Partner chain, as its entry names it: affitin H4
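Take a look at this one chain, the form solved without its partner chain, written out in structure tokens.
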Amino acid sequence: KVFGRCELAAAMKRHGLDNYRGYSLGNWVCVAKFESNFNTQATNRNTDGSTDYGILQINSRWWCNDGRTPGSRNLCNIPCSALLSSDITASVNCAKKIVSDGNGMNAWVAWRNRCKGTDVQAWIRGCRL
């Protein structure tokens, strides 16, 4: 599923991401845009052989099980395929654990390089929220 911008903002708010660990909603919409173009089915292979899954591009090196990332962890206790669902619940719940792991949203390289220090509120402007 490719979400619309305000459709994604609404789902992220309903699932409790607005101000989660101090990160306003626009930060989460911004990172989703640059990670996946709002596409729940997005996947990308990393150089080490791990893979990033779903709208928030969550990495199998640490967070989910895909059966083909030797030595990795599954800290969110989910199959990576659950992160590709049209419903974002699993991605949101796992993002809450990632952002709580000490580095905040710097866990997403794209957030640090493309969202951090910008006007992230623009990503939720106009949305009925």
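Positions refer to the first chain, counted from 1.
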| remark: Quick note on 32-40 and 97-105: per-entry mean CA temperature factor is higher in 97-105
| task | Compare the mean C-alpha B-factor of 71-79 with that of 58-66 as given in the PDB entry, and name the stretch with the higher value. | result | 71-79
| What third of its chain's C-alpha B-factors does residue 25 belong to: lowest, middle or highest? | middle
| Based on the entry's values, in what third of the chain does the Cα temperature factor of residue 13 lie: lowest, middle or highest? | middle
| field | Entry-reported Cα temperature factor of residue 50, expressed as the chain third it lands in | value | middle
| request: Report the third (lowest, middle or highest) to which the CA temperature factor of residue 89 belongs, ranking only the modelled residues of the same chain. | output: middle
